[PDB]
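So this first bit is one chain, no partners, the form deposited in one PDB entry, shown in structure tokens.
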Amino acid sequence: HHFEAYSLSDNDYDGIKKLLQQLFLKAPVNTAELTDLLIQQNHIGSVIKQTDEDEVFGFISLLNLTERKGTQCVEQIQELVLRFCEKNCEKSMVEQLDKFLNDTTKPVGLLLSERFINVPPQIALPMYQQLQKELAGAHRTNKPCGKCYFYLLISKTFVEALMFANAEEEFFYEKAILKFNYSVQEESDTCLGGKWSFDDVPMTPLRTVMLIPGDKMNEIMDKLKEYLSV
């Protein structure tokens, strides 16, 4: 099974959108507007295709949340994590989450990395390495995507103790200065040509929100290389 990574394209609109919908289900975030925002972003982000060839097996990209103020879906994502922070966390944690998201001097970059479960997990390493190269290039050329102090990751997670659909996201969670989980009710498993999914022990679907400082990313990349190298 050979995979190829391409820049985001208008042709990948449907595949990127479905992957976003697997993540956001029915929460108040416009997956269509978000997909358009990702595709519009130039030199950042890549899609995985198997080389059938139209199908988007995965994608990774970054959005600078303060740069993209004025986009509705970006505001929606911020209001989404805050509202679930309010419901599931102590006000002290809510205050600082809100402070982190409104700190213009230290921008927060939303990291979106979604893939079908059938793709081999080792592909995660080239995806993050390529994104790291692109983020360094953006930082070199004074673009806002290369100027993030913090990275916000929303992960698909479950408990029967915290377990990740994308296993590599354990390394981000370990380094997160702020983290919490919220329960999801649509419970939509991945659509990977796969009819259904089964667990021998019952599981509770969750989303885990985590905020990771930029200085920890080189340590995260190092485990990625350690565990996923092929």
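Residue numbers here begin at 1 and follow the sequence given. Shifts are known only where both forms have a C-alpha. Rigid core here is just the name for the largest C-alpha set that superposes within 1.5 Å across the two forms.
The following text describes the form deposited in another entry, which does not appear among the structures shown.
Comparing the two forms between the shown form and the other one on the rigid core, the single residue of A32, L192, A167, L178 with a CA shift of 2 Å or greater is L192. Relative to this form, the distance between the C-alpha atoms of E186 and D14 is increased by at least 3 angstroms in that other deposited form. A shift of at least 3 angstroms brings the Cα atoms of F198 and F84 nearer to each other in that other deposited form than in the displayed structure. Where the rigid core is used as the reference frame, a consecutive stretch of 3+ residues with C-alpha displacements of 2 Å or more between the shown form and the other one occurs only at 185 to 201.
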